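Observations on chain architecture
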Amino acid sequence: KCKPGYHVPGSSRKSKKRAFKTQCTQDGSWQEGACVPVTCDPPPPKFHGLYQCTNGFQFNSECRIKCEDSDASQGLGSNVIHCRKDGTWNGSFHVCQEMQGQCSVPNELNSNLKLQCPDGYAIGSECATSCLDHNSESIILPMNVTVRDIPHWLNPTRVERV
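Analysis parameters
Residues numbered from 1 in each chain as written, not as in the entry; some residues may be left out. Part of a larger assembly, values for the part shown. Heavy atoms only, no water. Buried < 20%, exposed > 50% of the residue type's maximum accessible area, 1.4 Å probe, protein only. Helix = DSSP H or I, 4+ residues; strand = E, 2+ residues; numbered from the N terminus. Pairing = 2+ DSSP bridges. Polar contact = N/O pair within 3.5 Å; in protein donor to acceptor, adjacent residues only side chain to side chain. Contact = heavy atoms within 4.5 Å.

Looking at the entry header, you'll see cryo-EM listed as the method and 5.02 Å as the resolution.

As structure tokens, then:
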């Protein structure tokens, strides 16, 4: 049985299996078993690069978003979120007052990579990442792998927006 705040890796999120079994294998060993510390979902992407988490998004993970000149006597939002047993954060990150403005036009762009911005170039605005070739996908490759240097087993992450 997994400890409280722990579940078998790969368990369903709706019912995180806290109990598993091991068996005397034919080679004289036992079946492998583990209980990961659970992992709540990451905070919303709009706060990327702004919150620091104690141990990632695990159970009872304390993620604090950095804000300035936001007094606690006003009682607006919460800057700290803690992951719970069920797989949820006890609090929610709130947008502070010191986040406003527009964004620069993406002049630096690849020949195939186009950015369509019906929402202008505001801060927090979503710009769709499209390609001139209809069968081309806008992705980020790891810094150690270039466009030609993609291994057959590598699966680059898809970037549908910026």
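**Observations regarding the pairing of strand β2 (residues 62–65)**
Across a regular strand the side chains alternate sides, sitting on one face of the sheet and then on the other. Burial of β2 is one-sided: the residues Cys-63 and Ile-65 facing one way are buried, the residues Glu-62 and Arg-64 facing the other way are not. When strand β1 (residues 51–53) meets β2, the two strands line up antiparallel, connected through three bridges. Bridge pairing links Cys-53 to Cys-63 in β2. Alignment of β2 against strand β3 (residues 80–82), held across three bridges, turns out to be antiparallel. When the bridges of β3 are listed, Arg-64 appears paired with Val-80.

**Concerning the side chain of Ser-138**
Looking at the secondary structure, you find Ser-138 in the loop between β5 (128–131) and β6 (139–140). Polar contacts involving the side chain of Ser-138 include one to the side chain of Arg-158, which spans 2.4 Å. At 2.5 Å, the side chain of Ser-138 and the backbone oxygen of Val-159 are in polar contact. Those residues within four positions of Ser-138 in sequence are excluded, and the remaining contacts are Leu-113, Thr-129, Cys-131, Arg-158 and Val-159.

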